[PDB]
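One is the number of the first residue; the rest follow in order along the sequence. Both counts, for ligands and for their atoms, begin at 1 and track the order of listing.
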Amino acid sequence: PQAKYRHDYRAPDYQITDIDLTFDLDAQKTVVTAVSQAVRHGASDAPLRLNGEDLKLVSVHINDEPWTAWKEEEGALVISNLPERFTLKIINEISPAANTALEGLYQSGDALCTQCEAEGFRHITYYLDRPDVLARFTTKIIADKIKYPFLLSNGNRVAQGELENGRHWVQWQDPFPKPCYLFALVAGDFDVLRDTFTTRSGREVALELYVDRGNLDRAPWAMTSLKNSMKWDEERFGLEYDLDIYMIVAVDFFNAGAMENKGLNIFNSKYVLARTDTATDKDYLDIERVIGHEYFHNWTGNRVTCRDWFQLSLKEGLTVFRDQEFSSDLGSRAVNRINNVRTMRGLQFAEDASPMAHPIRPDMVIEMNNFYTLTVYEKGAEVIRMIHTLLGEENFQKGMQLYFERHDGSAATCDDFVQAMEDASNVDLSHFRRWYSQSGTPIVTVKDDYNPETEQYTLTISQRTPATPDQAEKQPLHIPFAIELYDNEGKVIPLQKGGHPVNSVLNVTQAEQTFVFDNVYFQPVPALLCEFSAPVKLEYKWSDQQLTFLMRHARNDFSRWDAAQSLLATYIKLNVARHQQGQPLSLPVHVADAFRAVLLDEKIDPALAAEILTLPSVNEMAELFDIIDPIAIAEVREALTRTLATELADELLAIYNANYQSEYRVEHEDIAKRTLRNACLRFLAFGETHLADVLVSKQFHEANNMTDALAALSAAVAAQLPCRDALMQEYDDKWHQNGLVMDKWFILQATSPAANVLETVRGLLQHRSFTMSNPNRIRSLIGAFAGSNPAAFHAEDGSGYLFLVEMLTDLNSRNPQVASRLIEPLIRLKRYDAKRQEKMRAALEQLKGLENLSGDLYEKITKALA
Ligand SMILES: CC(C)C[C@H](N)C(=O)O
Ligand code: NA
Ligand code: NA
Ligand code: NA
Ligand code: NA
Ligand code: NA
Ligand code: NA
Ligand code: NA
Ligand code: NA
Ligand code: NA
Ligand code: NA
Ligand code: NA
Ligand SMILES: [Zn+2]
């Protein structure tokens, strides 16, 4: 399997302008008839090369003439001797029931549905399966009426009929030209939640959410969130929906989260279905996020699409940015920002130091489904947010408007978007463009000096990006570096120089530079990299007192949280070293007192307090170190929790009781209170055992919502409380028939700190609620074990690695996309000690030798073993 390179992009030899599809649907054998109107742009002797995978070709016609000048090659149908313009007709057969990979047309329970992004449409018929080929689609679907009473595709229904033998048909038309990755088809029997939204200018849009029979009680929040997405896009970005109908279909078998197929989004049911007894606050907010995300793609992705897949971030980084702004505007901006930063520092930074490192706009790709990454998505969004930071909101929106004005109806590039932003704002983004082409995380080193004689404060800022596995050459970036200087009373010192205000976003563009501020009347405590203003590692020699001062005084909530993270980081590192020496946890009294102050400060937003009181995950902890000791990290996180639970016991219980709420509501103030309360409960669970057991079991049994029940159950597991087994069995007995709800329980099994967790996880492969056929089950058990139980996954005997090899041996053949997702923990081997590294290598070597190794795994394994 051969890499493709961005620099090899060339406009296509042929275009397709219109495609008429007919599906004669059956799960065992579907017959597809595709009639395309084509135009040659290249040389008269260049053949038409159509992509196709696992198709059974029945016939090829060119202007109704059966064609002889063609051949099939690996992954292609190559047609020679064509006129300049012509009708292509292909008939081919496919087999949805055999499609375990869930790419193309496949079966989800009794439904048939598609997933075409990135290169799935070629599993349906022979086509120019590349996103710079846009065409107007009409789609006729013919099927058994009892099995498939609903037959859906993109756009509007234009024709309908009934046939003999209990078959019927429906034809759809979508007036907007699209790349084929945005094609969708769904067939099945559903309950349908129907509603309407009227856009700002008066267009009435029929909203239809299709869910499995019996699930309509779990549909209203997703519908509500769609309507909120539509309104918000109008208010913030001035964008309205452009069709008559908006359909969403929730399917249980889906490799990823959700898909923005024009007018017919297809969602993993995990990001649709919610009721207060089945879904947590975090599920509600995830659903809101993802519904929004796919909606936002209607403009950033569909009305302007991608020229080639190396431009994926053009839509994904921008659309994540939009989903984050949506979430932030509707909810707590601080909490949104905190948690996006946790993901960047804790998961994205790890990718950017791994063998799979790539720039947000990749240069080389073997399997494009491997590049739906933290980097393309989350770091992509940080790059868009940097543009926002540099331009300001009004200029940013002018840029968005210029982008759409230039590129509406076409496929564009990352560079086109940056150019629009530059031209509309008159901000020079030439240097900035290097964020698109350079991989790895910049390290920004800051030193300071205060000169009491001149009242000048000098920051000396330096940057460098270390080399990564993919790029040996690195250069300085245009880093927007936001600061705020605090005096001894906690007030902001105005930033200025030579009598002029200075913008608080510093342009850090060189390897080294100095910034000098005047009229600095007191030695400042700085807030540096405010609101994580660039996706960089910050090296600054903070004192504990500067950090506790920020936790008390900083103006932005985010900076209060971030100061706490820097305070903890020091002691996390101390205590990992101590764990390796066999020593107890050491923590200064003044660090504990800082957290006591947060617990007792009645001015602090509970949402913020809750996040300060949520320790960094084991993934965020791992980013503090060059070589990761995952056992020491897990034990340190546990010991730090135990120490704070003891020290803060009375305060924790008082805050726990004070935030009790008898009504459950999905409302942001209520969520914040509950999050603080359950944060307190987490510490209490790790305190004196008897009290813990009582609090936790009572919360579980008395909870009137899944947030409170799960928080209690999760604490019982994490602290290994006496009540654990009984509560876990109760949840199983009550919820085993509900896969989404059981996913939570599988995650808690997989992430258990118990000594025999791997034995228990292996046994759960035979659980009544588990199946290797369902990506969500796989990810909640196997994936959570490998990815979120690094202490057990990285057990010294290598047992974790061998278990993952066994699972991947199956998944490599069954569902390579899910396999590739699950291999990630193994490809980080260079972060671990020599002995783990050798075992991880031997596991990778074994996988490399699989018969029929998928391209998905091959790409990652070869990078890892280099
Ligand atoms: C591969 C696709 C399911 C990903 C989708 N375009 C998203 O960003 O939500
Ligand atoms: Na020709
Ligand atoms: Na076209
Ligand atoms: Na799109
Ligand atoms: Na808000
Ligand atoms: Na996240
Ligand atoms: Na988020
Ligand atoms: Na593939
Ligand atoms: Na420029
Ligand atoms: Na200094
Ligand atoms: Na990490
Ligand atoms: Na089972
Ligand atoms: Zn997306």
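Using cut-offs of 30° and 60° on the angle between ring planes, the pair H297 and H293 is perpendicular. Classified by interplanar angle (parallel below 30°, tilted 30° to 60°, perpendicular above 60°), the ring pair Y246/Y295 is tilted. Taking the six-membered ring where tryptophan is involved, the planes of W299 and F404 are perpendicular, since the angle between them exceeds 60° and thus also 30°.
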Exercise for the section: Test side chain to side chain contact (heavy atoms under 4.5 Å, CB included) on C116 and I124 and set out the steps. Expected result: CA-CA 9 Å; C116 295; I124 294 175; 3.9 Å; yes
Practice task
Could you walk me through whether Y571 and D544 pass side chain to side chain contact (heavy atoms under 4.5 Å, CB included), step by step?
Solution key: CA-CA 11 Å; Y571 295 105; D544 292 1; 2.5 Å; yes
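The neighbour count for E84 CD, taken as heavy atoms of other residues, nucleotides or ligands under 6.0 Å away, does not exceed 12.
Taking the ring centroids of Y127 and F121, they lie under the 6.0 Å cut-off.
In summary, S80 places no N/O/S atom under 3.0 Å from the Na ion (ligand 2), failing the contact criterion.
A distance of 6.0 Å separates CG of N154 from CG of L264, quoted to the nearest 0.5 Å. To the nearest 0.5 angstrom, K491 atom NZ is 13.0 Å from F522 atom CZ.
At least one cation-pi condition fails for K140 and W172: the charged atom is not both under 6.0 angstrom from the six-membered ring centre and inside a 45 degree cone around its axis.
Sorted by chain and number, the protein atoms of type N, O or S within less than 3.0 Å of the Na ion (ligand 10) are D448 O, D448 OD1.
Of all protein atoms, those of element N, O or S that lie under 3.0 Å from the Na ion (ligand 3) number 3.
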